[PDB]
Amino acid sequence: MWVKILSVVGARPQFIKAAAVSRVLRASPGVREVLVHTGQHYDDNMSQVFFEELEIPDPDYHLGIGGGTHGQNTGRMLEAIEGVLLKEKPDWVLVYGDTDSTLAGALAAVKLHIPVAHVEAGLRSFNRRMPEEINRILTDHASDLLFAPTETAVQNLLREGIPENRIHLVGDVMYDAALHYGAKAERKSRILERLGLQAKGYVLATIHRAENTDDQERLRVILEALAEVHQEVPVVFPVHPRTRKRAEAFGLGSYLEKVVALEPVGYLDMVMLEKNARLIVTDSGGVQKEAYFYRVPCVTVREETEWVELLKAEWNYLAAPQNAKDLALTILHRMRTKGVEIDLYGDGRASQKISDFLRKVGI
Amino acid sequence: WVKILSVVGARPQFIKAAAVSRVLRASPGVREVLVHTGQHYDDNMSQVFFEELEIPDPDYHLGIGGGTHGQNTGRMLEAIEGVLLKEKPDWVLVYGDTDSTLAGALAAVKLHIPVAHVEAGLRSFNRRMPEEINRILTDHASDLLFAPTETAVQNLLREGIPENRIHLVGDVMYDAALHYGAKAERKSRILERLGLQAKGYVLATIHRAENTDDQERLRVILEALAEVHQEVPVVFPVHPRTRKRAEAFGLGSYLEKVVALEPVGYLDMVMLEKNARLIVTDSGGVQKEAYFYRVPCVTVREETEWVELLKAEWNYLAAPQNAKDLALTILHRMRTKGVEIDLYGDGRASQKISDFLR
Ligand SMILES: CC(=O)N[C@@H]1[C@@H](OP(=O)(O)OP(=O)(O)OC[C@H]2O[C@@H](n3ccc(=O)[nH]c3=O)[C@H](O)[C@@H]2O)O[C@H](C(=O)O)[C@@H](O)[C@@H]1NC(C)=O
Ligand SMILES: CC(=O)N[C@@H]1[C@@H](OP(=O)(O)OP(=O)(O)OC[C@H]2O[C@@H](n3ccc(=O)[nH]c3=O)[C@H](O)[C@@H]2O)O[C@H](C(=O)O)[C@@H](O)[C@@H]1NC(C)=O
Ligand SMILES: [Cl-]
Ligand code: NA
Ligand code: NA
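Protein chains in written order, with PDB author numbering: chain B, 1 to 363; chain A, 2 to 359.
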């Protein structure tokens, strides 16, 4: 009954998913966990704070890979992860989400015949210019187990020819995380006090996607829209490090001063900011869902989302950044809104469902 | 004019690329760029194809190979992208199903460079085969899928890939046989060199890992071929890895018993194929080629991706479970043939491909 299960994680949102899962595997008797941190997120506010606050053991391995092209990053990680797998020889490799790390892990494993399970499988944007879209498609096609969080994702995998018996709708482990760490956030966050905000008295924003930050006019559209909204309702913005580097390089730095621009916060503070906001504006996948978790209206600053159920339930609304004036107006309009009551993403036990499937599979 | 960059790493990919190159040189507004990833690198596994099939010197040799899946693929992924960044082609073409193919496709698609897969949609339905993974992942990464067969088309549709991205163009390896057949007739002296009479010998190639990494399977095969040899000469251009495995397991004496050769160039292979009474193989290319020349084929495997060849009775599967059983199957199939049928197209697969890229 001694099974070794190795998780590959590279970034903040993967650390959070792995926490939810690791919490449950830690209670599985006879399961040894190994964690490989690939190196993409290394700053202590992007990485270690997740390990501390979320109670995750330090990574068994730090590969320290990041900062180059898709080829460099992905190719160096593929070779580096495979080296770990030949030594650790796990029974299962878990990969999470849709980064270059995810694919590099799936691909390292599948060629060694090591069973791979994709946590958060079958999400599609249908925009292959997104690197994440390639990553999750190829990942999914290389996996033995596909842990789908929604029915859309199930349907996506069936339509690409993947057999039912490898597909499991288990819900979203990020809902487990919100459920299980909520009380701890409540008890230990002092972020509202420290910023001097009260409930329903601000708007929360995050923005980090390449399409939005790698293009000067697009980024300007966003920051100027945020500064405008700030006039009517205060705007709290924990700026991703790369979003700060890009704003700076572009001369848009002045705009961050016109809002409540913070550094990245940890999960417990993030939970309290999200729970207590009037509205959340984001280009993050995870924040989209978490907005819904706390029944706070969301605007997503993208041309599409993989989380289509949120749009359909009216909790989310897309606003591509074409014009600052219009984007501000949309944000203020949507602050007045609410979606319909509905249960998405499961019961908070997606991680237990995952654990059960891993041990009782037949390897 | 439009820039079309081809990634090739192995013998069969040089052959496929030869046929495609032949069309693209003659195309009005096409510049061709060629990347050799470095996977096959002897003269008899590489250079001989460039010389004999009139393939222009590659623009880049990456010189990668000989490591694990992780090493070869990751390093190819990094190096190929470096080339794509300099060259910025309009199309990337990848071929077959090796690690080179997947690395090429994945380098390109993240840079928004349209990828087209030459030989798309083949499936063994055994995902423990590395190339099965490679061609699945490649097909889902590509923009255009050049399928050689109906089965391949159906495989691609079943996986959700839209019919507007799927072109059944036949097989560029049929192009190559057709378009370099004369040349081979003119230049090849190998039958004479080896004292062989047309249709007085059997041709064998064996290189798949499931047959060469398993000592029992390889012994079964090499004993079977030695037995067959007693009835009708067996000629065997031995893949170098296959030689190494045979020597490693102590099976070198079975190679001595047949007419074992080193790998041969394509012109010699065409001549050996044409003129063989029967072909015994685990190669994908060679089983098709057997059919091209209406020579009965035995495939030493439990399945093949080329299922039409079994259906048409030109090919027959023979798993290497027992040396004498395998030999008897081989001798039995020598005096069979399959039905009249036209597979793999008319020899203008490459022309159809060229047209679609504009
Ligand atoms: C490339 C891309 O943008 N793909 C998607 C990407 O995730 P996300 O976009 O959500 O990145 P993030 O926003 O950095 O993190 C969110 C968390 O940080 C917390 N968060 C956020 C800010 C902060 O200051 N502090 C926090 O604790 C929040 O509370 C959240 O819990 O990578 C994910 C992954 O690979 O696993 C994919 O599953 C995912 N795909 C989908 C479809 O949602
Ligand atoms: C992993 C694997 O085995 N994948 C398959 C693999 O092909 P093959 O097995 O045919 O390799 P090979 O036999 O070394 O070369 C044949 C040629 O050599 C010539 N040949 C052969 C021997 C010789 O001594 N001299 C020659 O000129 C012959 O006349 C032939 O023209 O690689 C192909 C590729 O990636 O393009 C895949 O498309 C393919 N997948 C399928 C489905 O067939
Ligand atoms: Cl690096
Ligand atoms: Na659930
Ligand atoms: Na001999």
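No residue lacks a Cβ here, since even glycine has one placed at the ideal position from N, Cα and C.
From the options, residue whose alpha carbon lies closest to that of residue i
i	options	result
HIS62 (chain B)	B:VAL84, B:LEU25, B:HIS37, B:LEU54	B:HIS37
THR282 (chain A)	A:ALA319, A:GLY66, A:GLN14	A:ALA319
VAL203 (chain B)	B:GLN288, B:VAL173, B:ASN276, B:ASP91	B:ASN276
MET270 (chain B)	B:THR206, B:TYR42, B:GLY161	B:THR206
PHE250 (chain B)	B:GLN231, B:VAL287, B:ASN212	B:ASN212
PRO238 (chain B)	B:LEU262, B:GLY348, B:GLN216	B:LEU262
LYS87 (chain A)	A:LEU112, A:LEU54, A:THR69, A:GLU186	A:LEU112
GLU224 (chain A)	A:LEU327, A:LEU6, A:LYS184	A:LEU327
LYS325 (chain A)	A:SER47, A:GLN231, A:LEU94	A:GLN231
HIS240 (chain B)	B:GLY362, B:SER47, B:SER189	B:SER47
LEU94 (chain A)	A:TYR42, A:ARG76, A:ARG32, A:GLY68	A:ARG32
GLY105 (chain B)	B:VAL308, B:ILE363, B:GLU228, B:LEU6	B:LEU6
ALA199 (chain A)	A:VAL233, A:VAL170, A:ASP215, A:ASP176	A:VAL233
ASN135 (chain A)	A:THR99, A:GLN216, A:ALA183	A:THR99
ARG12 (chain B)	B:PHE51, B:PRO29, B:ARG295, B:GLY75	B:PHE51
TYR292 (chain A)	A:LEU310, A:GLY253, A:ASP91	A:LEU310
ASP58 (chain A)	A:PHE15, A:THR69, A:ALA247	A:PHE15
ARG295 (chain A)	A:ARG302, A:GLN322, A:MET335, A:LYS245	A:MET335
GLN322 (chain A)	A:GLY346, A:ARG218, A:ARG244	A:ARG218
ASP60 (chain A)	A:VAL8, A:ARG129, A:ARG246	A:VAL8
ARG244 (chain B)	B:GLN216, B:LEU192, B:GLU314, B:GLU341	B:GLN216
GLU133 (chain A)	A:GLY97, A:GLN155, A:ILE114, A:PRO163	A:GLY97
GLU341 (chain B)	B:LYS312, B:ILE222, B:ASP144	B:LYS312
Check whether residue i and residue j have beta carbons under 9 angstroms apart
i	j	result
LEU197 (chain A)	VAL236 (chain A)	yes
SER284 (chain A)	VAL21 (chain A)	no
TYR255 (chain A)	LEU226 (chain A)	yes
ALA109 (chain A)	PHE147 (chain A)	no
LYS17 (chain B)	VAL173 (chain B)	yes
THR330 (chain A)	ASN316 (chain A)	no
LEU35 (chain B)	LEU78 (chain B)	no
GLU120 (chain A)	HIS141 (chain A)	no
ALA153 (chain B)	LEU138 (chain B)	no
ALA19 (chain A)	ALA177 (chain A)	yes
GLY348 (chain B)	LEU158 (chain B)	no
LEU54 (chain B)	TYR181 (chain B)	yes
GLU306 (chain B)	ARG124 (chain B)	yes
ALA350 (chain A)	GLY171 (chain A)	yes
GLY71 (chain A)	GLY39 (chain A)	no
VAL3 (chain A)	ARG220 (chain A)	no
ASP214 (chain A)	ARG246 (chain A)	yes
Short CB-CB distance (under 9 angstroms) between residue i and chain B
i	result
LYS4 (chain A)	no
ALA249 (chain A)	no
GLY97 (chain A)	no
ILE137 (chain A)	yes
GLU160 (chain A)	yes
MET77 (chain A)	yes
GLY71 (chain A)	yes
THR337 (chain A)	no
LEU63 (chain A)	no
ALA104 (chain A)	yes
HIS141 (chain A)	yes
Contact with chain A by residue i, beta-carbon distance below 9 angstroms
i	result
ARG128 (chain B)	yes
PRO131 (chain B)	yes
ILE81 (chain B)	yes
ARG209 (chain B)	no
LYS87 (chain B)	no
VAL110 (chain B)	yes
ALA225 (chain B)	no
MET174 (chain B)	no
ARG220 (chain B)	no
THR213 (chain B)	no
Residue i Cβ short of 8 angstroms to ligand 6 heavy atom set
i	result
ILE65 (chain B)	Summarising the ligand content, the structure contains ligand 1, ligand 2, ligand 3, ligand 4 and ligand 5 and does not contain ligand 6.
Quick check on the DSSP output: what are the complete alpha helix (DSSP H) runs of length 4 or more inside the stretch 29 to 58 of chain A, in order along the chain? 49 to 53
Can you give, in chain order, each stretch of the alpha helix (DSSP H) that sits fully within the stretch 158 to 190 of chain B and has at least 4 residues? 173 to 188
What runs of the alpha helix (DSSP H), each 4 residues or longer, lie entirely inside the stretch 232 to 316 of chain B? 241 to 250, 253 to 257, 267 to 275, 285 to 293, 308 to 312
For the stretch 97 to 123 of chain B, list the alpha helix (DSSP H) runs that are entirely contained and at least 4 residues long, ordered along the chain. 100 to 111
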